[PDB]
Structure formats: structure tokens, C-alpha cells
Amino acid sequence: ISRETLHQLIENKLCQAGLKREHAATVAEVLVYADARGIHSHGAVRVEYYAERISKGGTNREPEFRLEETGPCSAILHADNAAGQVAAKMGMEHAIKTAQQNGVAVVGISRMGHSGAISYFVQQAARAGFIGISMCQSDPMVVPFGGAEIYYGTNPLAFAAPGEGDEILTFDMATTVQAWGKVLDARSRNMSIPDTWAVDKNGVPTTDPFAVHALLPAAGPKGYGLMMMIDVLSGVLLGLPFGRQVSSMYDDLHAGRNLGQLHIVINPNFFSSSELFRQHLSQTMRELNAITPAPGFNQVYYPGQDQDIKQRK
């Protein structure tokens, strides 16, 4: 199964499902990217779900895109509930163009569907020679630190920066202890789950994933603050639903998700030598790899290197 195989497979199915071929090819690209890195939970597995939402109009197959520039370094892509992968990619293209010319770009994606493993979009920026940051809202699923009711979602944050040649450092994290898609992956095989992952309906940590009501924020109050930040930057900033108002995947397959995403792109030229920047990123990656491992680890990886390796295999 080659990368070109599934792309064409997914491109075909989604195009049959309603999307323009170009929109279908893009969603395909992002899904193929995800499987390889062990983020299978955002890969070809979701194709059938996406195909459905497309069929029923809960994802716009004919979006009226409007890129509204708001300043020399800012814009909003009004996405009309297009597939998140298409909308986020398109907005990142604008962010890259803007940072290329004017040094920095802050671009909001306003009203999109699920955009997936969001490190795909920051890799776009790094491939263009720039620093990329991205973050987005997600289905309410997480208790506030100390709480028993859900408010924010798993609200991810991603970052990538160019090293020398084709090297890129890519980092991508959910703001919960663990992503949701391995609570079900441990709900499939009847396992106990660790008590750090989730709480019951009373907000008490649980080992029974069938009694899981909500996820816990990573590092307690810190993950809590981070998912708040992401909600404010990609949601409140754009005047979108926020916090517990954010839509859930299964609320209404006929209704647009109205999610927000925010890209920030920085051109190293506008700060220092890009050649030295890239040299120093590669040096960072080398030096971290050479760090003495602690007992229990065979090696130290630079951030994201574990996924970089899985992708190549």
C-alpha cells in the first residue's frame, strides 16, 4: 500500500461522496500524512466518517471561501464549513505568502470541519523555510482542573521549524493527558485504563474506560490553561462559539461544525540569519539525540523524532 495508493483511494471515495476532486485530494493528503506517523487515529480510519458527513451536508461540499485580509500580517479565511483539511491548508498557504513578504502572519480559519493531525499544516510552513504554529478548538470533552463538568476540548497545539536540507523539527500535542482516540482503543479491548487519563461523571479519576465521562487536562492546571489559550486564540478571537459551546462530532451530522483554527507563521529573516537559524535547528536535533539516556530509555529523541522515524518506515 503506497502513499500514492491511498491518496487515490481516498480521493476517489471522497470525490464520489460529494467533494470537488481537488478538495478530495487535499483531505486525502492530510489523512495519508497522519497514518504514517502513528497518528492512525487521524488517518484513513476516518474516511468513512468524513464521507458520511459530506453526504449529509454537515460538511460543505460547495463552500464559498472568502480570504479577508485585515492587516499587513493578519487575515481570516471564512471557510463556510468546508472540510477542515481544505480550509486549514488554504489558510496556511495565505499565512506562508504573508510571512514571506511581510515577516509574520496570524491567520484565523473561521467555520471549518475537523482538520485532523494539525502538524500537517505547520510542516507546510517549515517546508517553505518558516516557523509554523497552529492550534484549534475541539469537541468539549475535558474537565477544568478541579472540576466535574466538561468545558474545553482536546485542543491541540503544533509547531514546526526548518533545519538544514530537508530536515524539519515537528512537535504536535493534545492538551489532555492522552488523546481521546486511545480511550476507545482501550474501550475496544476491555483493558483497564491508567487513572491519569480520565474521570467519571463525578469528576473522580477512573480505571474503567466505560465509566469515563471526561478527560483530564495534561499537567493539571497547565493543560487547563493551554486549552483555554487555544480556545481564546482560535475561537473567541474569531467570534466563533467557544468553550462548551463548541460543536461535537456526533451532535448533528447535517450541521456544519463551525470550528476555528489559528495559524501563526514567522519568517526567520525578519529576526536573524536564516542560514544560521537552520544550522542551529539541525544542531539542536543532533545534540538532543546525543544526550545520555536516562535508565529505561534506549535513546533520547528530539521532539517529534519518534513520529519522523515511523513515517519513514
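Position 1 is the first residue in the sequence shown; the rest follow in order.
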Subject >> Between 237-245 and 207-215 (mean CA B-factor, as deposited), the higher >> reply: 207-215
Original post:
Should the higher mean CA B-factor in the entry be assigned to 184-192 or to 134-142?
Top reply: 184-192
Subject >> Candidate set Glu68, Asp251, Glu287, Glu275 [ranked by C-alpha B-factor, highest] >> reply: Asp251
Original post:
Which of these has the highest Cα B-factor in the record: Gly57, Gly260, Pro268, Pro63?
Top reply: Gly57
Subject >> Ranked C-alpha temperature factor of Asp166 among modelled chain residues, by third >> reply: middle
**OP:** Check where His78 lands among this chain's C-alpha B-factors and tell me if it's the lowest, middle or highest third.
**Re:** lowest
Subject >> Relative C-alpha B-factor of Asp231, binned into the chain's lowest, middle or highest third >> reply: lowest
**OP:** Sorting the chain's modelled residues by C-alpha B-factor, tell me whether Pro303 ends up in the lowest, middle or highest third.
**Re:** lowest
Original post:
Based on the entry's values, in what third of the chain does the Cα temperature factor of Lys97 lie: lowest, middle or highest?
Top reply: middle
